[PDB]
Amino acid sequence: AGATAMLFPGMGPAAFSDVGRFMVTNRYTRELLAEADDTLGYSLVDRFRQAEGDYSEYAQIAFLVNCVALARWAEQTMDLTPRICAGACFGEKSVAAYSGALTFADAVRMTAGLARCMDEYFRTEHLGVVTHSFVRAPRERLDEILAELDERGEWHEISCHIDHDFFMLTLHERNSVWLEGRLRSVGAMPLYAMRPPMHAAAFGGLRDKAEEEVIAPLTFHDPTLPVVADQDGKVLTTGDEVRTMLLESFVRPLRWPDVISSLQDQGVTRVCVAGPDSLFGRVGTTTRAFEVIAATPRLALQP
């Protein structure tokens, strides 16, 4: 009676010690690494070992390999036949590969190119702008904080809707310490301040630079199964729409509740989250709606 969706998560802070041993021993990762290393002309696992930060270009490519491999590992070891798939933020990249909208080689090229593109853009543009995540923040409490920012003439945008009380707000870091104390003052808990920021109408120039330098050269195919857009849950069926999703990521917010309502409307009852993740598989938006399988490196490392 059920149906299964394959979901691809956003990228959390890389931790090479979390996945380096997994990547070189699991046959699903080893197979994609051979392809990623041939496309890139280096050893991705070696470059990722030496990378500093949590969001290096190498950790973004490795994150693509880990999610796409763990989707195939779950299909082959759990007899999954998904009718539909969806990707949140980075996971748009992973779902483009899984769905057949891009060859794995073009997804690796795209992931590396967008990494370099964003690095360059944020080296000079929107200096000090950050994306804050917070929880226990009902929309009514958030709206009062946004009105206080408006009163002071402080620019912001809502970048993600995660759950009824879980949002990401993008604004200048000069507002960071006030926002954190102001959240806490009403029982909301700040989680993380992401640099570079993501998902803002103000980032049209990053969209344009991505399109010209990375995305337009690529050939997009029609996906082999429907793809739910993370912007608004629209059911996508063509390569042009997947390409638009990747570009709209820069300038439209993630609406995670809309992915979950769309999946529900397409008859989904069970989701597989493919890859390392401690948000999309565990957040109430997802678990209230669906049985969750969490296909993480930690699970695939179990005896």
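Heads up: residue numbers just count along the shown sequence, starting at 1.
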Given the B-factors recorded for C-alpha atoms, which segment has the greater mean, 68-76 or 151-159?
151-159
Compare the mean C-alpha B-factor of 208-216 with that of 92-100 as given in the PDB entry, and name the stretch with the higher value.
208-216
Using only modelled residues of the chain, where does the Cα B factor of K234 rank: lowest third, middle third or highest third?
lowest
Just say lowest, middle or highest third for the CA B-factor of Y55 relative to the other modelled residues in its chain.
highest
Chain thirds by Cα B factor, record data; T111 belongs to the lowest
Which third, lowest, middle or highest, does the C-alpha temperature factor of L7 belong to within its own chain?
lowest
Here the Cα B-factor of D240, set against its chain, lands in the third termed highest
